[PDB]
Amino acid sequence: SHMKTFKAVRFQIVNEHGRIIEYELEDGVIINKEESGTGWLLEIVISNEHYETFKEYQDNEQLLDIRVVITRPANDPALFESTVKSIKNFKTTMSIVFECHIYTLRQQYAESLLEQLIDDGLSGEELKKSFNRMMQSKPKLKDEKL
């Protein structure tokens, strides 16, 4: 793809346990800012309902593991690590800009993911349960945190 500007049609945030919170988009754009080595800029419009969550993310400079689907909703998510840069609250909606850096899923994800879950002591049905959910959501692995 040769474009530097894309329409964002789905937005999700994933936690450690591979649990997705999806936010319904009013609007969405994401720009590849290579001009500086500044990464990517995501601007979305969502309901005000989530103003506190995102205000707290901004205040703590929370590192967020996000999934962004581009152009058409059936497409495979792109993977970013991001922080909230600015928030604008409106009457029923809010506008949020994120600072994003793209990443590719590592090789041997399935093997590392299993190694992590077993080292956390999971077994049998809880293990199948977590592995399957995590295989789809793809959380950042414990060996990448601090």
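Sequential numbering from 1, following the sequence displayed.
J.: Averaged over C-alpha atoms, is the B-factor higher for 61-69 or for 28-36 in this PDB entry?
T.: The stretch with the larger average C-alpha B-factor is 28-36.
J.: Please compare 102-110 with 83-91 and name the stretch with the higher mean C-alpha B-factor in the deposited structure.
T.: Comparing 102-110 with 83-91, the higher average CA B-factor belongs to 83-91.
J.: In terms of the chain's CA B-factor thirds, is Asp119 lowest, middle or highest?
T.: Within its chain, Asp119 is a highest-third residue by C-alpha B-factor, going by the deposited values.
J.: Using the temperature factors of the C-alpha atoms in this entry, rank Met3 within its chain: lowest, middle or highest third.
T.: Within its chain, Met3 is a middle-third residue by C-alpha B-factor, going by the deposited values.
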